[PDB]
Amino acid sequence: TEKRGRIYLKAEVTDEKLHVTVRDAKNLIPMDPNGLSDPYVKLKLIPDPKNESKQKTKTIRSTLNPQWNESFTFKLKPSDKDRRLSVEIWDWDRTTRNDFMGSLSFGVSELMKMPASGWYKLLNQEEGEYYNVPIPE
Ligand SMILES: [Pb+2]
Ligand SMILES: [Pb+2]
């Protein structure tokens, strides 16, 4: 559904490399019995059939307002013109399968035209693979 918090990201392409900085997120949805979550962020260039592009932040336990401050780099290839950078927050779970918290994505070609910087609204899993919603206001 919706109202999943927001995330602050920077994503820019420079000389065939995509640099992404995952800063922090605010107001995430509770996922655990204790009312909090143990969030981490998965980054991928999709489609990724062979599942080779995945990178992830560390897991921060017991918070709905994580501050990761982590950076990542992807080397781009020509075929990436048809790919998107997918950013998904998931809850790490000690005793159950990990579950989805919120997401968004950027087209590689679009980032090449204009870098991304700022706060973004977290979307549901399907929606997140298709667009993003900046919230500069
Ligand atoms: Pb959970
Ligand atoms: Pb958990």
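Residues numbered from 1 in each chain as written, not as in the entry; some residues may be left out. Chains lettered and ligands numbered in written order. Heavy atoms only, no water.

- X-ray crystallography is the method the PDB entry lists for this structure, together with a resolution of 1.50 Å.

- The name the PDB entry gives the protein chain is Protein kinase C alpha type, with Rattus norvegicus as the organism.
- Per the PDB header, the title for this entry is "RAT PKC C2 DOMAIN BOUND TO PB".

## Details of the overall build of the protein chain
Phase 1: On a plain count of helices and strands, the protein chain comes out with two helices and eight strands.
Phase 2: Taken from the N to the C terminus, the helices and strands of the protein chain come in the order β-β-β-β-β-β-β-α-β-α.
Phase 3: A compact globule built from 137 residues would reach a C-alpha radius of gyration of about 14 Å, and the protein chain, at 14 Å, matches this within 12%.
Phase 4: With respect to the principal axes defined by its C-alpha atoms, the protein chain has extents near 45 × 40 × 25 Å.
Phase 5: Within the protein chain, the fraction of its 137 residues that count as buried is 45%.
Phase 6: Considering only intrachain contacts with a sequence separation of at least 6, the fraction spanning at least 24 residues in the protein chain is 60%.
Phase 7: If you average the places of the 23 positive and of the 21 negative side-chain charges in the protein chain, the two averages end up 3 Å apart. (Helix = DSSP H or I, 4+ residues; strand = E, 2+ residues; numbered from the N terminus. Rg over C-alpha atoms; globule rule 2.2 N^0.38 Å. Buried < 20%, exposed > 50% of the residue type's maximum accessible area, 1.4 Å probe, protein only. Contact = heavy atoms within 4.5 Å. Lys, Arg positive; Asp, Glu negative; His and termini not counted. Charge placed at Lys NZ, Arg CZ, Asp CG, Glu CD.)

## Some remarks on the nonpolar core
Phase 1: In terms of nonpolar packing, the biggest core is built from 27 residues, with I7, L18, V22, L85 and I89 touching the most fellow members.
Phase 2: For this core, the leading source of residues is strand β2 (residues 17-26), giving four residues.
Phase 3: For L85, the residues in contact, after removing those within four places along its chain, are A11, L18, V20, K44, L45, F74, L104, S105, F106, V108 and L111. (Core = buried A, V, L, I, M, F, W, Y, C linked by side-chain atoms within 4.5 Å.)

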